[PDB]
Amino acid sequence: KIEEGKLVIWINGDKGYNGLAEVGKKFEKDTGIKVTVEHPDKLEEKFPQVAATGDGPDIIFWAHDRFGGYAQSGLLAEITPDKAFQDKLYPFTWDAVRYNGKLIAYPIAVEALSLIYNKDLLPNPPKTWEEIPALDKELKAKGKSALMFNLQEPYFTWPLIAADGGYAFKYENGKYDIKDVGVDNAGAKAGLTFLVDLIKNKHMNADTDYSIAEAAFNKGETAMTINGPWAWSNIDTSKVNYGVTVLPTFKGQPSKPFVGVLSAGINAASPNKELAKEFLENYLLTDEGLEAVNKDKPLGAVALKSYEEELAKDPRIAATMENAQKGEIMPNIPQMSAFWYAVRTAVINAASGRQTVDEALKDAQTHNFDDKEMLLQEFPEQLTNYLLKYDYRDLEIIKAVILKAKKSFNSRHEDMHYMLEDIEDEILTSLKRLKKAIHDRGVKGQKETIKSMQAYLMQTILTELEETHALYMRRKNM
Ligand SMILES: OC[C@H]1O[C@H](O[C@H]2[C@H](O)[C@@H](O)[C@@H](O[C@H]3[C@H](O)[C@@H](O)[C@@H](O)O[C@@H]3CO)O[C@@H]2CO)[C@H](O)[C@@H](O)[C@@H]1O
């Protein structure tokens, strides 16, 4: 439950949630405010749904890429930290969580995928992806396998795909280009294809998941795996003597892994915005509190300058740093979610016999990424800002309706061809008047959607326009 004067935090299961809870007790002890940290499945999917109802967490913890669609939907509060606190974190990590020149989250850490090898089994880790099959021949004969890592989540197959030149989006002119996607180019084809090649030759099983790969490495069944800093705690427990080095090259070129920044979003809905700023600024982002999270599950290289000095010294952190530089940092555009979904199916269909690599990637490329910016391109910009909240399906509804209501009003009235800009104001108060209606209607226990309430929008737009026209008609008259 979400209530005034209690702080609720959502964080992903593989992160140090026990450690963050530990900071919670340091907060509650000094501030008297309970902190409750839970890690539900699919939180980054659950968040946009219950944020609408207004019963989402106070603080949401995910990699920065997810915070685009959130900031666009206005699910996140604007972060206003004094310049002094800003200087504490890396200027690089501040940029990750910046949307439309607004800071919409607090960067916690920089995480990057790395290669992990078992020093006993493998004297020296491979330098290229292409050496791995010949290892597997030797490895299998010793009853072990060469490489195990999950194929069920694209984050992991991507450093390979991106390697010979695959890319999520072109970047030119300081803006990301949504009509320019590079999932299906020759480069990314060579990548995914290499990976299936491993599946076809039985060097990897297509069905492996994080659970399987983790388990297999900790037990010494496999010699290598690809994972992030949150993986080190569980291996430390294990008997395994591991090593964390740079990702194997593809076709003579570095593995280019996607780099994520762990970020702390505040809920726009929260009563306790002030308690959330206070917690993240004075208790989470200090050395003593970062160390607290870190001891549970390693953060990687943190965003906090001071505590990072001491971390960089760990060859594992500088190794993670090393792959972060050889890779690129995830966009935080709203489409990024639809990108990730679009790929995840493609790898899986590639790994399955579901479809060939070529058709698999084509589809990932073919996909029509939704754009509020594009849908609203005609609309008066002030209106569009209001209109961003609504999900893309509902937007199609309101677009079609608004446009008919205009056409109709022009039909009844010869003398004036109203521009959309002219009607901008009568739409705003109409779209507001609709939000209220769905609430008044929400009481009385009748649940309405914009789809249902399409009739009601239409009439309200017209009624309002007719009022404005009465205003204009009275206005002409002497
Ligand atoms: O299945 C749900 C999910 O698919 C997409 O998730 C991507 C994440 O956005 C992206 O941040 C990255 O997540 C990894 C984290 O960076 C890392 O810290 C660690 O926790 O593992 C995560 C991957 O296992 O990669 C995934 C896709 O692989 C998409 O964003 C979501 O729309 C969607 O909820």
# chains A, B, ... in the order shown; residues from 1 in each chain; ligands from 1

$ residues_near_ligand --ligand "ligand 1" --cutoff "8 Å" --atoms "only C-alpha atoms and all ligand atoms" --output "PyMOL selection string"
chain A and resi 12-15+42-45+62-66+111-112+153-156+228+230+259-262+336-341+344

$ write_last_selection --atoms "N, CA, C and O atoms" --output "tab-separated table (two decimals), in the first residue's frame"
chain	number	residue	atom	x	y	z
A	12	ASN	N	14.89	-4.15	-8.74
A	12	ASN	CA	14.91	-5.46	-9.37
A	12	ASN	C	15.57	-6.53	-8.49
A	12	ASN	O	16.51	-6.24	-7.77
A	13	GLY	N	15.06	-7.75	-8.56
A	13	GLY	CA	15.54	-8.84	-7.73
A	13	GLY	C	17.03	-9.16	-7.72
A	13	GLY	O	17.56	-9.61	-6.70
A	14	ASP	N	17.72	-8.94	-8.83
A	14	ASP	CA	19.14	-9.28	-8.87
A	14	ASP	C	20.03	-8.22	-8.22
A	14	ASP	O	21.22	-8.43	-8.03
A	15	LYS	N	19.46	-7.06	-7.92
A	15	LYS	CA	20.17	-6.01	-7.21
A	15	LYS	C	20.18	-6.28	-5.70
A	15	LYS	O	19.40	-7.10	-5.19
A	42	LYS	N	8.51	-8.09	-13.02
A	42	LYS	CA	8.00	-7.19	-14.05
A	42	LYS	C	7.59	-5.85	-13.46
A	42	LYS	O	6.50	-5.36	-13.75
A	43	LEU	N	8.45	-5.27	-12.65
A	43	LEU	CA	8.12	-4.01	-11.99
A	43	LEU	C	8.18	-2.87	-12.98
A	43	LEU	O	7.42	-1.91	-12.90
A	44	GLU	N	9.09	-2.99	-13.94
A	44	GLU	CA	9.28	-1.93	-14.90
A	44	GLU	C	8.14	-1.95	-15.92
A	44	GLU	O	7.96	-0.98	-16.67
A	45	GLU	N	7.36	-3.03	-15.92
A	45	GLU	CA	6.12	-3.16	-16.71
A	45	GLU	C	4.90	-2.77	-15.87
A	45	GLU	O	3.93	-2.19	-16.38
A	62	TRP	N	15.32	1.24	-11.73
A	62	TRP	CA	15.58	0.50	-12.94
A	62	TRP	C	16.72	1.15	-13.66
A	62	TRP	O	17.09	2.27	-13.33
A	63	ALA	N	17.29	0.46	-14.64
A	63	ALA	CA	18.26	1.06	-15.55
A	63	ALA	C	17.63	2.25	-16.30
A	63	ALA	O	16.43	2.25	-16.57
A	64	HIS	N	18.42	3.25	-16.66
A	64	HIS	CA	17.88	4.53	-17.16
A	64	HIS	C	17.00	4.46	-18.40
A	64	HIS	O	16.19	5.35	-18.60
A	65	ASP	N	17.17	3.43	-19.22
A	65	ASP	CA	16.47	3.38	-20.51
A	65	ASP	C	14.94	3.39	-20.35
A	65	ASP	O	14.21	3.92	-21.21
A	66	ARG	N	14.48	2.82	-19.24
A	66	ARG	CA	13.05	2.71	-18.97
A	66	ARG	C	12.42	4.02	-18.54
A	66	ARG	O	11.19	4.15	-18.55
A	111	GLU	N	26.37	0.18	-14.83
A	111	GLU	CA	26.67	-1.25	-14.93
A	111	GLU	C	27.00	-1.72	-16.34
A	111	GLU	O	26.36	-1.32	-17.32
A	112	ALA	N	28.00	-2.59	-16.46
A	112	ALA	CA	28.27	-3.21	-17.74
A	112	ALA	C	28.56	-4.70	-17.67
A	112	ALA	O	29.28	-5.19	-16.78
A	153	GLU	N	17.14	-13.22	-22.64
A	153	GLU	CA	17.14	-11.78	-22.42
A	153	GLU	C	18.23	-11.12	-23.29
A	153	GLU	O	19.42	-11.42	-23.15
A	154	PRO	N	17.82	-10.21	-24.19
A	154	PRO	CA	18.67	-9.65	-25.25
A	154	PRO	C	19.85	-8.84	-24.72
A	154	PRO	O	20.85	-8.73	-25.43
A	155	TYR	N	19.73	-8.28	-23.53
A	155	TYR	CA	20.82	-7.53	-22.92
A	155	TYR	C	22.16	-8.22	-23.11
A	155	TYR	O	23.18	-7.57	-23.31
A	156	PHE	N	22.11	-9.56	-23.08
A	156	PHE	CA	23.27	-10.46	-23.11
A	156	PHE	C	23.72	-10.86	-24.50
A	156	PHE	O	24.88	-11.15	-24.71
A	228	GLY	N	26.76	-9.46	-15.06
A	228	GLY	CA	27.06	-8.15	-14.53
A	228	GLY	C	27.56	-8.21	-13.10
A	228	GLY	O	27.67	-9.30	-12.53
A	230	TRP	N	26.26	-7.60	-10.28
A	230	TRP	CA	25.38	-8.21	-9.31
A	230	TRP	C	25.56	-9.72	-9.24
A	230	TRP	O	24.95	-10.40	-8.42
A	259	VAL	N	25.38	-0.13	-22.19
A	259	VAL	CA	25.70	0.24	-20.80
A	259	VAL	C	24.49	0.86	-20.11
A	259	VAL	O	23.93	1.84	-20.60
A	260	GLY	N	24.08	0.31	-18.97
A	260	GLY	CA	22.95	0.86	-18.23
A	260	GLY	C	23.33	1.63	-16.97
A	260	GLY	O	24.22	1.21	-16.24
A	261	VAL	N	22.67	2.74	-16.71
A	261	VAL	CA	22.86	3.41	-15.42
A	261	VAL	C	21.69	3.11	-14.47
A	261	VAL	O	20.54	3.45	-14.77
A	262	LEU	N	21.96	2.48	-13.33
A	262	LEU	CA	20.92	2.30	-12.34
A	262	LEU	C	20.49	3.66	-11.82
A	262	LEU	O	21.31	4.48	-11.44
A	336	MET	N	12.71	2.85	-26.57
A	336	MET	CA	13.69	1.84	-26.12
A	336	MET	C	13.06	0.56	-25.58
A	336	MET	O	13.62	-0.53	-25.76
A	337	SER	N	11.91	0.68	-24.93
A	337	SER	CA	11.17	-0.47	-24.44
A	337	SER	C	10.68	-1.37	-25.59
A	337	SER	O	10.88	-2.59	-25.59
A	338	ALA	N	10.05	-0.73	-26.58
A	338	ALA	CA	9.59	-1.40	-27.80
A	338	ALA	C	10.76	-1.95	-28.62
A	338	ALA	O	10.62	-2.95	-29.30
A	339	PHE	N	11.91	-1.29	-28.55
A	339	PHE	CA	13.11	-1.82	-29.15
A	339	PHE	C	13.46	-3.16	-28.50
A	339	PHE	O	13.60	-4.18	-29.19
A	340	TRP	N	13.58	-3.15	-27.18
A	340	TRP	CA	14.02	-4.34	-26.43
A	340	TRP	C	13.06	-5.53	-26.60
A	340	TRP	O	13.49	-6.68	-26.69
A	341	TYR	N	11.77	-5.25	-26.61
A	341	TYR	CA	10.79	-6.30	-26.84
A	341	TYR	C	11.01	-6.90	-28.20
A	341	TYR	O	11.00	-8.12	-28.38
A	344	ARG	N	14.08	-9.09	-28.41
A	344	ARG	CA	14.11	-10.23	-27.51
A	344	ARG	C	13.43	-11.41	-28.19
A	344	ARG	O	13.89	-12.55	-28.09

$ residues_around --residues "segment 315-327 of chain A" --least-positions-apart "2" --cutoff "6 Å" --atoms "only C-alpha atoms" --output "compact mmCIF listing (two decimals) with C-alpha atoms, in the first residue's frame"
# COMPACT_ATOMS: atom_id res chain seq x y z
CA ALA A 112 28.27 -3.21 -17.74
CA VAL A 244 36.52 -10.97 -14.77
CA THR A 245 37.99 -9.70 -18.04
CA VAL A 246 37.09 -7.88 -21.24
CA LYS A 256 30.12 -3.45 -27.76
CA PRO A 257 27.76 -4.06 -24.81
CA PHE A 258 24.88 -1.72 -23.99
CA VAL A 259 25.70 0.24 -20.80
CA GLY A 300 29.71 -2.09 -10.32
CA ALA A 301 31.25 1.32 -10.84
CA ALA A 312 37.94 1.48 -9.30

$ closest_atom_pairs --of "segment 355-382 of chain A" --to "segment 420-431 of chain A" --cutoff "9 Å" --atoms "only C-alpha atoms" --output "Markdown table"
| residue | atom | partner | partner_atom | distance |
| --- | --- | --- | --- | --- |
| A:378 | CA | A:420 | CA | 8.2 |
| A:379 | CA | A:420 | CA | 6.6 |
| A:380 | CA | A:421 | CA | 5.4 |
| A:381 | CA | A:421 | CA | 8.9 |
| A:382 | CA | A:424 | CA | 8.2 |

$ write_last_selection --atoms "C-alpha atoms" --output "PDB file, in the first residue's frame"
ATOM      1  CA  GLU A 378       0.552  18.779 -36.510  1.00  0.00           C
ATOM      2  CA  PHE A 379      -1.018  19.586 -33.155  1.00  0.00           C
ATOM      3  CA  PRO A 380      -0.301  22.824 -31.318  1.00  0.00           C
ATOM      4  CA  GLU A 381       2.706  22.082 -29.197  1.00  0.00           C
ATOM      5  CA  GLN A 382       1.202  23.242 -25.892  1.00  0.00           C
TER       6      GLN A 382
END

$ residues_around --residues "segment 99-101 of chain A" --least-positions-apart "5" --cutoff "12 Å" --atoms "only C-alpha atoms" --output "PyMOL selection string"
chain A and resi 64-74+76-79+94+174-175+331-334+385

$ residues_around --residues "segment 201-207 of chain A" --least-positions-apart "4" --cutoff "7 Å" --atoms "only C-alpha atoms" --output "PyMOL selection string"
chain A and resi 133+136+148+151+197+351-352

$ write_last_selection --atoms "N, CA and C atoms" --output "PDB file, in the first residue's frame"
ATOM      1  N   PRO A 133      34.253 -22.229 -30.073  1.00  0.00           N
ATOM      2  CA  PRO A 133      33.905 -23.600 -30.495  1.00  0.00           C
ATOM      3  C   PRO A 133      34.998 -24.649 -30.246  1.00  0.00           C
ATOM      4  N   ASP A 136      35.133 -25.703 -26.780  1.00  0.00           N
ATOM      5  CA  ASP A 136      34.027 -26.574 -26.442  1.00  0.00           C
ATOM      6  C   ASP A 136      34.348 -28.035 -26.757  1.00  0.00           C
ATOM      7  N   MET A 148      28.238 -20.703 -20.943  1.00  0.00           N
ATOM      8  CA  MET A 148      26.806 -20.679 -20.624  1.00  0.00           C
ATOM      9  C   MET A 148      26.343 -19.291 -20.193  1.00  0.00           C
ATOM     10  N   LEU A 151      19.922 -16.793 -23.094  1.00  0.00           N
ATOM     11  CA  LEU A 151      19.596 -16.321 -24.417  1.00  0.00           C
ATOM     12  C   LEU A 151      18.196 -15.716 -24.367  1.00  0.00           C
ATOM     13  N   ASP A 197      24.968 -20.199 -34.628  1.00  0.00           N
ATOM     14  CA  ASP A 197      25.906 -21.169 -35.146  1.00  0.00           C
ATOM     15  C   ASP A 197      26.342 -22.004 -33.963  1.00  0.00           C
ATOM     16  N   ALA A 351      17.029 -18.492 -32.109  1.00  0.00           N
ATOM     17  CA  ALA A 351      17.621 -19.565 -31.310  1.00  0.00           C
ATOM     18  C   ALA A 351      16.785 -20.829 -31.418  1.00  0.00           C
ATOM     19  N   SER A 352      15.478 -20.629 -31.356  1.00  0.00           N
ATOM     20  CA  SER A 352      14.522 -21.646 -31.739  1.00  0.00           C
ATOM     21  C   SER A 352      14.645 -21.848 -33.247  1.00  0.00           C
TER      22      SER A 352
END

$ residues_around --residues "residue 9 of chain A" --least-positions-apart "2" --cutoff "7 Å" --atoms "only C-alpha atoms" --output "count of residues only"
9

$ select_by_dssp --residues "segment 220-346 of chain A" --states "alpha helix (DSSP H)" --output "ChimeraX atom specification"
/A:232-237,273-279,287-296,305-311,315-326,336-346

$ residues_around --residues "residue 466 of chain A" --least-positions-apart "3" --cutoff "12 Å" --atoms "only C-alpha atoms" --output "tab-separated table (two decimals) with N, CA, C and O atoms, in the first residue's frame"
chain	number	residue	atom	x	y	z
A	405	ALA	N	-14.33	16.16	-34.98
A	405	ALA	CA	-14.97	17.31	-34.34
A	405	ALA	C	-14.61	18.62	-35.02
A	405	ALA	O	-15.45	19.48	-35.18
A	406	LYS	N	-13.36	18.76	-35.45
A	406	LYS	CA	-12.95	19.96	-36.17
A	406	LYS	C	-13.63	20.01	-37.52
A	406	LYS	O	-14.23	21.02	-37.86
A	408	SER	N	-16.28	18.68	-38.61
A	408	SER	CA	-17.71	18.90	-38.40
A	408	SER	C	-18.02	20.36	-38.12
A	408	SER	O	-18.92	20.93	-38.72
A	409	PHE	N	-17.28	20.96	-37.20
A	409	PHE	CA	-17.46	22.37	-36.88
A	409	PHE	C	-17.20	23.31	-38.06
A	409	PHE	O	-17.83	24.36	-38.18
A	410	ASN	N	-16.24	22.95	-38.91
A	410	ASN	CA	-15.96	23.70	-40.13
A	410	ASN	C	-17.08	23.48	-41.12
A	410	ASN	O	-17.37	24.34	-41.96
A	412	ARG	N	-20.31	23.02	-40.36
A	412	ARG	CA	-21.49	23.79	-39.95
A	412	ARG	C	-21.26	25.29	-40.18
A	412	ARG	O	-22.21	26.05	-40.38
A	413	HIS	N	-20.00	25.71	-40.17
A	413	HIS	CA	-19.67	27.13	-40.22
A	413	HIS	C	-18.78	27.52	-41.39
A	413	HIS	O	-17.56	27.33	-41.37
A	423	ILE	N	-8.41	26.12	-32.17
A	423	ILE	CA	-9.20	25.18	-31.38
A	423	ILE	C	-8.43	24.61	-30.17
A	423	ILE	O	-9.00	23.96	-29.30
A	426	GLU	N	-10.05	24.95	-26.65
A	426	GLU	CA	-11.34	24.30	-26.47
A	426	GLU	C	-11.16	22.80	-26.39
A	426	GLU	O	-12.07	22.08	-25.99
A	459	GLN	N	-18.75	15.35	-28.19
A	459	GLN	CA	-19.77	16.35	-27.89
A	459	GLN	C	-19.17	17.52	-27.10
A	459	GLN	O	-19.49	18.67	-27.36
A	460	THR	N	-18.26	17.23	-26.18
A	460	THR	CA	-17.72	18.28	-25.32
A	460	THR	C	-16.85	19.23	-26.12
A	460	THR	O	-16.79	20.43	-25.84
A	461	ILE	N	-16.17	18.68	-27.10
A	461	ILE	CA	-15.36	19.49	-27.98
A	461	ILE	C	-16.27	20.41	-28.78
A	461	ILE	O	-16.03	21.61	-28.87
A	462	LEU	N	-17.33	19.86	-29.33
A	462	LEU	CA	-18.24	20.66	-30.13
A	462	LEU	C	-18.97	21.67	-29.28
A	462	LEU	O	-19.10	22.83	-29.67
A	463	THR	N	-19.46	21.25	-28.12
A	463	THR	CA	-20.23	22.14	-27.27
A	463	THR	C	-19.36	23.33	-26.94
A	463	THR	O	-19.81	24.46	-27.04
A	469	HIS	N	-17.75	30.19	-30.42
A	469	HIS	CA	-18.26	30.85	-31.60
A	469	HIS	C	-19.34	31.86	-31.24
A	469	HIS	O	-19.44	32.92	-31.85
A	470	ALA	N	-20.15	31.52	-30.23
A	470	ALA	CA	-21.09	32.47	-29.65
A	470	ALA	C	-20.36	33.70	-29.13
A	470	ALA	O	-20.79	34.84	-29.34
A	471	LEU	N	-19.24	33.45	-28.46
A	471	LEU	CA	-18.37	34.50	-27.96
A	471	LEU	C	-17.89	35.38	-29.10
A	471	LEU	O	-17.91	36.60	-28.99
A	472	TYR	N	-17.47	34.77	-30.20
A	472	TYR	CA	-16.98	35.53	-31.34
A	472	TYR	C	-18.11	36.28	-32.02
A	472	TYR	O	-17.91	37.37	-32.54
A	473	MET	N	-19.30	35.70	-32.03
A	473	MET	CA	-20.40	36.35	-32.70
A	473	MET	C	-20.87	37.56	-31.91
A	473	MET	O	-21.02	38.63	-32.47

$ residues_around --residues "residue 188 of chain A" --least-positions-apart "3" --cutoff "6 Å" --atoms "only C-alpha atoms" --output "number ranges by chain"
A: 161-162, 166, 185, 191

$ select_by_dssp --residues "segment 268-472 of chain A" --states "strand (DSSP E or B)" --output "VMD selection string"
chain A and resid 301 to 302 304 328 to 329

$ closest_residue --among "A:20, A:115, A:89, A:223" --to "residue 146 of chain A" --atoms "only C-alpha atoms"
A:223

$ closest_residue --among "A:289, A:445, A:243, A:56" --to "residue 27 of chain A" --atoms "only C-alpha atoms"
A:289

$ closest_residue --among "A:419, A:122, A:192, A:303" --to "residue 349 of chain A" --atoms "only C-alpha atoms"
A:192
